[PDB]
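# Structural overview for review
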Amino acid sequence: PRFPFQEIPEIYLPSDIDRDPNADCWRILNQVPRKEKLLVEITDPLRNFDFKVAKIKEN
Amino acid sequence: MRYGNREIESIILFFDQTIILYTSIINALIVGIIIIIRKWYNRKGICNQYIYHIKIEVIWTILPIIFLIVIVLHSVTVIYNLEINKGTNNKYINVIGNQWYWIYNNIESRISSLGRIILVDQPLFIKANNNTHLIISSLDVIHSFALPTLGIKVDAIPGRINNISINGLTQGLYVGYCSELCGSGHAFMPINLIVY
Amino acid sequence: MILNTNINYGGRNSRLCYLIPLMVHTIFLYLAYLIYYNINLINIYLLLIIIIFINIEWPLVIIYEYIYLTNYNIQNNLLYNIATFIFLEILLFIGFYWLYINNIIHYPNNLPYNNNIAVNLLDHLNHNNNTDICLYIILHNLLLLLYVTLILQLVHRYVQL
Amino acid sequence: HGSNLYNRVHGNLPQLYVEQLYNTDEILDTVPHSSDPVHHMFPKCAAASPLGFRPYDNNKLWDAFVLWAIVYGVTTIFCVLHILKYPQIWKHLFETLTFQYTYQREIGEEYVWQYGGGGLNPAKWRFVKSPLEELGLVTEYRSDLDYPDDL
Amino acid sequence: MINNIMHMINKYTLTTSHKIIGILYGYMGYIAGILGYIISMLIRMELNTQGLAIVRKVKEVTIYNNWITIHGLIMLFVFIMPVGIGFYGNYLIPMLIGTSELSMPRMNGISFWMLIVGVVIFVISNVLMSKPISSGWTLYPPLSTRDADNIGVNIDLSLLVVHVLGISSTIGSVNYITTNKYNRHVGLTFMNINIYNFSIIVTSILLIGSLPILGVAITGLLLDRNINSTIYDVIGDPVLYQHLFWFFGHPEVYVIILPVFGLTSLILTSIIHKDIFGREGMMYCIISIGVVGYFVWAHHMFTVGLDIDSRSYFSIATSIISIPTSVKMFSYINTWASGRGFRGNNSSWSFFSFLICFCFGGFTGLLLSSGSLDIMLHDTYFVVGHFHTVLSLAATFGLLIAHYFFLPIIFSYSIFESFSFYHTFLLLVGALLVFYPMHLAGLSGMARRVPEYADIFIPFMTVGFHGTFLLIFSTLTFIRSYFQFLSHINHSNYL
Amino acid sequence: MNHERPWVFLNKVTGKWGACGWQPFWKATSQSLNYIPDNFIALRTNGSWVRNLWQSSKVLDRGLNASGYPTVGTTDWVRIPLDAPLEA
Amino acid sequence: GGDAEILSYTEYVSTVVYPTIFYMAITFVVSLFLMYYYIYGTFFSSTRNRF
Amino acid sequence: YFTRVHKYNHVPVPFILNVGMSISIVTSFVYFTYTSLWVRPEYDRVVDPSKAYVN
Ligand code: HEA
Ligand code: HEA
Ligand SMILES: CCCCCCCCCCCCCCCCCC(=O)OC[C@H](COP(=O)([O-])OCC[N+](C)(C)C)OC(=O)CCCCCCCCCCCCCCCCC
Ligand SMILES: [Cu+2]
Ligand SMILES: [Cu+2]
Ligand SMILES: [Cu+2]
Ligand SMILES: [Mg+2]
C-alpha cells in the first residue's frame, strides 16, 4: 500500500520531501492488510513475529 | 519492524506488564474456582461453619494493594515520559477541526474516493526525528485528533487551544480518526500524517 | 374500644400520588409550547392558580393527620426527611456556585480591554472590579436578612423554653 | 373478597362506617376492621394457584387478549409507532434482509471473508463467491433501490 | 362494570402500598428493557451490513445517532434503576426489616408516576416527532446546543425527561434512607440489617449527593439552547459541562452496580443454605466503594486536556476504587465454597455468569484507569466492550438471578428450568460473541459511534453478526417463557 | 374430567391378571406451589383402590373363578372393579 | 442427601482451603514467569533482539 | 453463645504449606517489582554532543 500523491491534482508538498514514487515516506503503515508489518502496534505478538524487530539505538 | 516513536514503545511495554499481571491473577483464580466447582458439583466438602477466617481475609485484602502500587507508579512515570518532550521543538503546526474535515496551516483536508475511509486528499507532513508542536483546536464543535499509533489522542474543543508534542521516527503514513462524535459525517473525517 | 396497631404511619391513598407528576408534566409541556410558538397555551396566572390550588391539599392532610396519627417515631421520621431535603437544597446552591466561580478562579483571561498598569490611570483595576453590582443596597438587604434570622432564632428559643 | 359490612356495622365503633353509605369504595378508603378478609397481591393468581390453575386460560378470548396486552402490548405499540413514523427504515431493512439490496456487488466476483483473528490478515482470509448466483437464483442486481451516493 | 374499571384504575393510581409500587416499577423496567433491546437490534443490523444498508444516506446518519443516544438513555435510566432499585427496593425493603410501609408513603407513588411521566415524554419526543436528539447519551455541547440536526423542541423535551428522572430518583433515595433508619423492629441494629438494605442505603446516599449537579448541567444546556447564553460556546466551557456531567456520571454507575451486589448476596444466602462469608467485610467494602466513587469522576476525561498532576491523581484514585471490589469478588468465591447451592438452578448458573463477567469487566476497566494507556483507548470500542461486559453481563445477570428467584415467591408458580436454561445460556453465548470482539477491535483503533467502519475491521463485525442472531433467539425465548409462565395447559389426553 | 375408576384385567385361559386405569397427562410446564394434586386416577375417591388391590392380590394370584364377571369384547379378559375388596 | 460429605470447620479449613491456596500460589508464580517469557521472549532482559 | 470469638476454631497452617506459600508470594512480588520498575531499558539516552547540526 502506498499513498497516491500522483493522482491528486494540486496537492501541497514539502520542498524537502522525496517525490520518488517508491520512497519510504509514501508507505501506509497501518489500517491496511499488509502481510509485511512495518510498525509495532499494541496488538502485535512479536513472538508470532519471531522478535525480528530493530535495535534500540536505531529506530 | 520499527516502533514509530518512543512514547508508543513505553506505553506498549506498560501494557504488556499489566497484561502479564492480570493473566497471572486470572490463572490463579481459575485454578481455585476449578477446585471449588469440582468439589461442589459432586456433593463433597460441605461445611456450614466455614463463614469466617480473619487471617485469610486480611491477607487477601493486603495482597492486591502491594501489587497495585507498582502499577500506579509505572503508569505515572509513563505519563510524565509522554509529556517531557515539550519545549525541545523547532517546528510548530496548527490544526483546526472543521465540520467533517481538517485544516492544517490553513489548508483543507477532506476524504477522497481513491481510498474508502482511510485516505485523504491533503495529508499533514512532519519531518522524521524532528520534535514538533501541534496546536489543536476546533471551530464548530468538539472533535478529537486521534493518532493512537504514535501515542497522540487530544480533543479539539472549541475555544480551548490544546498543545501536544509530536515526534516521528519511522517514515510513512499514519492513519487516524476523529475519535469524538461530531455530527453526521463523524465516521468520514480521517486523519493522515506523513513522516518523511 | 379500638384495636391498636403498630407505631408506624399506616399510609392512606391520596390523589397527590399522580397530581404532582401531572403538574410537572403540565409545566414542562407549557414551557415547550412557549419555546415553540412564542405564545402561552393558557394564561400564566391561570396556570399558577392551578398549581397553587393542587398544593393546598398538603396542609389539610397535615392538620388532620397530626390531630390523629402522630407519635415520636413519626416525628423523627419527618424531621430526618426535613434534614435530607435541606441537604439537597444546599447541594443545589453549591452546584450553581460552581457554575458561577468556574471562570473567576482561573484568573488569566482574554479581555476586550487593557488591564496593564502604566498605560492609563484606571486600567490596572479594570479586570479586578465589576463595579456595577449595587453594593450598599446589597448591604442593606444583608442587614434585613440578619434581622430576620436573629429574630426568628430568638423567638424559637423563647417558645421552646 | 365479599364485603365485611355486617361486622363493621355491628362492630365496636360503628360511627366510623357512616361514610360507607356515601360515594366511597370499601377496599380503598374505609377504616380497616379487625375481622376483614385478607387481601392478596395478585388476587387472580392467589385464587387460581390453590386450585391448580394458572391465572389465564388461552382458550378464553378475553384472557388471551389480556395476557397478550400484558406481555406484548407496549412492545407492539412502539413498533407500530416507529413503523408509521419511519416507513423508509423498515423498507430498507426488508430490502437488505431479503437480499434485494447489494451495495456495489458485481456478478461472478469473489469477496474477502474472515471470521476472527483480529483485523484483516492476508494469511488467514478466504474468498467467497455468491452461492445464490452459483445456483442461478440471481443474474443481475437491482438498481432501482436507494444508493448511498457520496460514501 | 364501570365501578370495576374505575376501581382497578384507582387501585393502580392512588396506591401507596410498597408491594404494588414495586410491581409497577418492575413492569415499567421490563418494558423499557425490551424497547432498548429493540433499538439495540436496529443498531446492530446497521453495523453488521456494509454500505449504510439501513439509512442509505450519509445525510441521514442522524437516525443512527438518535438510535445510539436513545438506546443508552433508555437502558441506563429506565431499565436498570427501576428494576434493580425500584422493583426489589420497594417490594423487599419494608419486609426485610419487619415493618408495614416505607416512610413517606405518598412520595413513593409520586416517584413512580414521575418516572412514568418521564417515560411518556421521552417516547413521544423521540418517536412521534421528527429530527430527534442525536448527540450520544452524554449530551456534550456544543453538539447538543449549537448544531444543525438538533434544533427542534423535542430535544428540550428529552432534557426535561432527564430532569424528571432525576427528581424521581432523589425522592426514592430519601425515602429508602429514612425508612431503613427508624422503622427497624426492636432488637435489630443498624449494621445487622441484611446486606441488601445496606447496599440500598449507600446507593441512596450516592444518588442524593450527585443528582443536583446533573440538574445544574442540564439547566445550563437548556439555558444555552433557549435564552442564547454562552456557558458552553466557543467563548464558554464545554469542559465545564463535562466536569459536571461526569461528576454525576460515575456515581450513577456505582448506583447501578451496588444493588446487584446486594441482591446476589441475599439470593445466595437463600440458595446455598449458608451465610455470607465475611458479611461485615462485604458491607464495609460496599460502603468503601460508595465513598471512593465520589473522587474519580475525571477518569472519563483523560484526553480533554487535564493537567498532568490531575491525570496522575485520577489514575491513582481509580486504582484505589479497584481494590475493595476485588475484596468482594474473593468473598463471593469463598461464600459459594462449602455451600449446598442447587446444582440445577438457573439462579446458580446466572450467579456464575455474573461473577465471571464482572471480574473480566472489572479487569478491562482497570486497564483503562491508567491515564497514559487511556490515550490509546479513549473513544474506541474497548470502552464499549468494557461497559457492556459489565452492564449487559453483570448487571443483567444479577437481575436474572433475582428474576428467577423471586418469580415463584411473588406469583406462586414454579419455574420451567429447562426453558430458563436455554434462555440464559443462549444469552450468555450470544452476548459474549457480540462484545468480546469489541475489545480487540479497540486496541486496533476502531472508533465508536460510527455506522460505517474501515475494511480492516470486518472479522469483529462478523462475529458480532453471529452474536446478534443468538441474542434475538435468546430474547424471543425469554419473552415466550414468561408468556408461558402465566398460561394454563394447552394439551391434555389419556395415556 | 370424569373417567372410569381403575379396574383389574384378568385373562382366563392364561390365568394372568393386572391392574389398569386411565392416566390423564398434559404438556409439561411450571407447577403450582399451593396445590397438591387430588386423586386423578380414581376421581372423587379417598384412594382406597390401592388398598383393595393390595388385599385382592393374594386372591387373584391364587386362582379366581371369575366366570360371573363381564368380558372385554371378544377376548379372554374380564374386568374386576376395585370399588370394594375382593374376597369371593 | 446421605452421600453428602460434611466436614467440621477445622477439618474443612485444614484439608480443603489451605491446599487450594497452596496450588493457587504455585499457579501464580509459574504463570508470571511463563507469561513474561511468552511476551518479551526473555526471563530478565525485556524484549529479545531489541536490547 | 458467641461461637466465632478468638478462643474458638483456630486451625494452624502446616509448616510445608506455610513455607511454600511464603516462597511463592515473595518470589512473585520480587520478580514483578524488579521486571516492572528496574528492567525498563526503553528509557535509553545517548550522550553525544557532536551529533548536533547547525547550518
Ligand atoms: C444497561 C445499559 C445497557 C444495556 C442493557 C445495553 C444492551 C446492549 N447494547 Fe448497549 N449501550 C449502552 C448501555 C446498554 N446497552 C450505553 C450507555 C451505550 C452508549 C450510548 C452511546 O455511546 O452514546 C451503549 C451503546 C451500544 C452500542 C454503540 C454502537 C456504537 O456506539 O458504535 C452498541 C452496538 O454494538 C450496543 C449494543 C448492545 C446490545 C447488542 C445489547 C443487548 O442486546 C445485549 C444484552 C441484551 C439483553 C437481553 C438485555 C435486554 C434486557 C431485557 C431482555 C429485559 C429482560 C429482563 C431482564 C433480564 C432484567 N450498545
Ligand atoms: C456499569 C457498571 C460499571 C462498573 C462496575 C465499572 C467499573 C470500573 N470502571 Fe467503568 N464504565 C462504565 C460502567 C462501569 N464501570 C460505563 C457505562 C462507561 C462508559 C461511559 C461512557 O463513556 O459512555 C465506563 C467507562 C470507563 C472508563 C472510560 C475510559 C474512557 O472513556 O476513557 C474507565 C477508565 O478509567 C473506566 C474504569 C473503571 C474502573 C477502573 C472500574 C473498577 O471499578 C473495576 C474494578 C473491578 C475489579 C478491579 C475486579 C476485581 C479484580 C480482582 C478480582 C482482583 C484484581 C485487583 C488488583 C490486582 C488490584 N470505566
Ligand atoms: C486446536 C483447535 C483450536 C480451536 C479451534 C477454533 C479456532 C481456530 C484457530 C484459532 C486461531 C486463529 C484464529 C481464527 C479463528 C478464531 C475464531 C474465534 O472464535 O475467534 C475469536 C477470537 C479472536 O481472538 P484471536 O483469534 O485474535 O486470538 C489472538 C490470536 N493471536 C495470538 C494471533 C493474537 O479467537 C480466539 O479467542 C481464539 C480461540 C478460539 C476458540 C473458540 C472455542 C470456543 C467456541 C465458542 C463458540 C464459537 C462459535 C463459532 C462456530 C464456528 C464454526 C461453526
Ligand atoms: Cu469530527
Ligand atoms: Cu467526529
Ligand atoms: Cu467512572
Ligand atoms: Mg471523547
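Whatever comes next refers back to the structure up there.
Reading the values: the criteria
Residues numbered from 1 in each chain as written, not as in the entry; some residues may be left out. Chains lettered and ligands numbered in written order. Part of a larger assembly, values for the part shown. Heavy atoms only, no water. Axes fitted to C-alpha atoms, helices over the stretch in contact; angles between N-to-C directions. Helix = DSSP H or I, 4+ residues; strand = E, 2+ residues; numbered from the N terminus. Parallel < 35°, antiparallel > 145°, perpendicular 65-115°, else oblique. Left-handed = near helix turned anticlockwise from the far one by under 90°. Contact = heavy atoms within 4.5 Å. Nonpolar A, V, L, I, M, F, W, Y, C, P; charged D, E, K, R; others polar. Salt bridge = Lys/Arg side-chain N within 4 Å of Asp/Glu carboxyl O. Buried < 20%, exposed > 50% of the residue type's maximum accessible area, 1.4 Å probe, protein only. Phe/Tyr/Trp six-rings, centres within 6.5 Å; stacked < 30°, edge-to-face > 60°. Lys NZ or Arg CZ within 6 Å of the ring centre and 35° of its normal. Donors = N, O, S within 2.8 Å, 3.2 Å for Na, K, Ca; no water. Tetrahedral: all angles 85-135°; square planar, octahedral: opposite > 155°, others 65-115°. Core = buried A, V, L, I, M, F, W, Y, C linked by side-chain atoms within 4.5 Å. Buried area = accessible area lost by both parts, 1.4 Å probe. Polar contact = N/O pair within 3.5 Å; in protein donor to acceptor, adjacent residues only side chain to side chain.

## Remarks on the packing of helix α4 (residues 105-128) of chain E against helix α5 (residues 153-182) of chain E
All names here are of chain E.
- Closest axis-to-axis distance for the α4/α5 pair is 8 Å, and the angle between their directions is 165°. Judged on the interaxial angle alone, α5 and α4 are roughly antiparallel. As for how α4 packs across α5, the hand of that crossing is left-handed. For the pair α4 and α5, the contacting residues are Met 107, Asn 108, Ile 110, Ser 111, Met 114, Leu 115, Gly 118, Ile 121, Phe 122, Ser 125 and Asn 126 in the first and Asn 154, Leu 157, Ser 158, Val 161, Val 164, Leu 165, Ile 167, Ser 168, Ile 171, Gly 172 and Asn 175 in the second.
- Residues belonging to the contact of α4 with α5 are distributed by class as follows: 12 nonpolar, 10 polar and no charged.

## Observations regarding the pattern of salt bridges
- As enumerated under the stated definition, the model contains 21 salt bridges over all chains in all.
- Its salt-bridge partner being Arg106(E), residue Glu65(C) comes within 2.6 Å of it at the nearest N-O pair. Residue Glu65(C) is found in helix α3 (residues 57-68), and its partner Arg106(E) is found in helix α4; the two belong to separate chains.
- Accessibility expressed as a relative area gives 12% for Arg106(E), which makes it buried.
- Among the charged side chains, a network of salt bridges with common partners joins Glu83(B), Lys86(B) and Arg311(E).

## Digging into the packing of aromatic side chains
- Under the criterion given, the structure shown has 78 aromatic pairs over all chains.
- With 6.1 Å between their ring centres and 90° between their planes, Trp137(E) and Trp246(E) make a pair best called edge-to-face. One end of the pair, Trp137(E), is in the loop between α4 and α5; the other, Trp246(E), is in helix α7 (residues 238-271), and 109 residues separate them in sequence.
- By way of ring pairs, the aromatic residues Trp40(B), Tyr41(B), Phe261(E), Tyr332(E), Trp336(E), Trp349(E), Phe351(E), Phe352(E), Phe354(E), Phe358(E) and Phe421(E) are connected into one cluster.
- For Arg105(D), the ring lying beneath its charged end belongs to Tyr111(D), and the centroid distance is 4.7 Å.
- Over the ring of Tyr101(D) we find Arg56(E), and its NZ or CZ is 3.5 Å from the ring centre.

## Considering the coordination of the iron atom of ligand 1
Residue and element names in this part refer to chain E.
- The coordination sphere of the iron atom of ligand 1 contains the protein donors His 71 (NE2) and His 388 (NE2), at a distance range of 1.9 to 2.2 Å.
- Note that the iron atom of ligand 1 binds 6 donor atoms; their angles at the metal cover 88 to 180°, and the shape is octahedral. Taken together, the positions of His 71 in helix α3 (residues 61-96) and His 388 in helix α11 (residues 381-411) put the pair 317 residues apart, joining distant regions of the chain. Considered together, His 71 and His 388 belong to a single accessibility category, that of buried residues.

## Comments concerning the nonpolar core
- Residues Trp26(A), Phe354(E) and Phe406(E) are the most contacted members of the largest nonpolar core, which totals 245 residues.
- At 21 residues, α3(E) tops the list of elements feeding residues into this core.
- The contacts of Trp26(A), once residues within four sequence positions are left out, are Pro1(A), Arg2(A), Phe3(A), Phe5(A), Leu13(A), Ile17(A), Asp18(A), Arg19(A), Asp20(A), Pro21(A), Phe125(B) and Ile194(B).
- By size, the runner-up hydrophobic cluster in this structure holds 40 residues, among which are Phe15(B), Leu373(E), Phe28(G) and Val39(H).

## Some details on the interface of chain B and chain E
- Contact residues are listed per partner, giving 66 residues for chain B and 76 residues for chain E.
- For the pair chain B and chain E, the summed buried area comes to about 6,200 Å², and 69% of that belongs to carbon and sulfur atoms.
- The largest contributions to the chain B side of the interface with chain E come from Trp40(B), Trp60(B) and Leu181(B), which together make up 12% of the buried area.
- On inspection of chain B and its partner chain E, the count reaches 3 salt bridges.
- The partner of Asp455(E) in a salt bridge is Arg116(B), and the shortest N-O contact between them spans 2.3 Å.
- Where chain B meets chain E, there are 14 residue pairs in polar contact.

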